[PDB]
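Encoded as structure tokens, the structure appears first; notes follow it.
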Amino acid sequence: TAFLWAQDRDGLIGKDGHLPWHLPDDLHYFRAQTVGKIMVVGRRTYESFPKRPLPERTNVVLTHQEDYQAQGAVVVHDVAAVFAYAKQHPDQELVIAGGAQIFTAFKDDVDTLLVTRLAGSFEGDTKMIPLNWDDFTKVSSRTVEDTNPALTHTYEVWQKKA
Ligand SMILES: COc1cc(Cc2c[nH+]c(N)nc2N)cc(OC)c1OC
């Protein structure tokens, strides 16, 4: 399992799940990472996503209640089922596109964490769930500078150690 998300300096993800900040660069990064790999998106994500489903990619819509249904992404209401699905396709890695509730559910059993940090700050009604940084040790990171400081962002990857 892999964690793919973007956050500001303060620690907020956005509003209603949708990224309030328009960073075509960071957005490009998310899209590129989900190419040729299995990704899981929460129900809130299904509505927050810009356009689904993606081509040449495997998208999955995960919700707490089985009443909910999603188009373009496989709908799974079983936490165990999501793990098994990734297990079935060892060739393709599983990445959690969100949301935070989804992240929390699989946060404990994640080996790779991807985080995007923005120098600028944004305000919204949705904040990212707490993470244990000390438990995970950063393996590598990349820094990209945009025209505007707020726009400028960096990519950091953490791997769980035991
Ligand atoms: C491609 O656009 C979006 C992409 C994403 C996913 C996403 C973006 N950026 C990063 N760094 N990680 C992600 N998982 C979430 C969104 O909103 C929830 C988007 O629309 C604003």
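Using ideal geometry, Cβ is built from the backbone for each residue, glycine included, and neighbour counts are taken over all protein chains shown. Just so you know, all these numbers are worked out from the coordinates, no wet-lab data involved.
For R57 and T143, the FRET efficiency from 1/(1 + (r/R0)^6), where r spans their Cβ atoms and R0 equals 30 Å, is about 0.65.
A helix-only calculation puts the chain at -6000 deg cm²/dmol for mean residue ellipticity at 222 nm, using -39500 (n - 2.57) for each DSSP H run of at least four residues, averaged over all residues. Summary value for the chain: 32 percent relative contact order, contacts being C-alpha pairs under 8 angstrom separated by 6+ residues.
Per 0.36 nm of contour for each residue apart, how much would the distance between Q159 and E47 grow if the chain were fully extended, relative to their Cα-Cα spacing? Before the final figure, lay out the partial values.
Working: separation 112, 0.36 × 112 = 40.32 nm, distance 2.95 nm.
That pair, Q159 and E47, stretches by 37.4 nm at full extension.
Put a dot 7 Å past the Cα of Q88, heading toward its Cβ, do the same for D125, and the two dots end up 3.7 nm apart.
Ranked highest first by the average count of other Cβ atoms within 10 Å around their residues, in what order do 15-24, 92-101, 32-41, 66-75 fall?
Ranked from most to least packed, the peptides come out as 92-101, 32-41, 15-24, 66-75.
How big is the Rg/Rh ratio for the chain, C-alpha atoms only, Rh by Kirkwood, two decimals? Walk me through the numbers before you get to the answer.
Working: Rg = 15.2 Å, Rh = 16.1 Å.
Radius of gyration over Kirkwood radius for the chain works out to 0.94.
Counting other Cβ atoms within 10 Å of each Cβ, which chymotrypsin sites (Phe, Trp or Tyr not before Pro) in region 111-162 have at most 16 and sit in a DSSP loop?
Details: sites: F122, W133, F136, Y155, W158; in loops: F122, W133.
When the chymotrypsin sites (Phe, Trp or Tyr not before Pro) of region 111-162 are filtered for loop state and at most 16 Cβ neighbours within 10 Å, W133 remain.
Between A2 and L94, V95, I96, the built amide H atoms are under 5 Å apart, and every one of these is 5 or more places off in sequence or on another chain. Note on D135 and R31: their simple-model spin labels are 3.3 nm apart, each label 7 Å out from Cα toward Cβ.
Database remark: amide H of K37 closer than 5 angstrom to the amide H of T58 (H placed geometrically; neighbours at sequence offset of 5 or more, or on other chains; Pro and chain starts carry no H).
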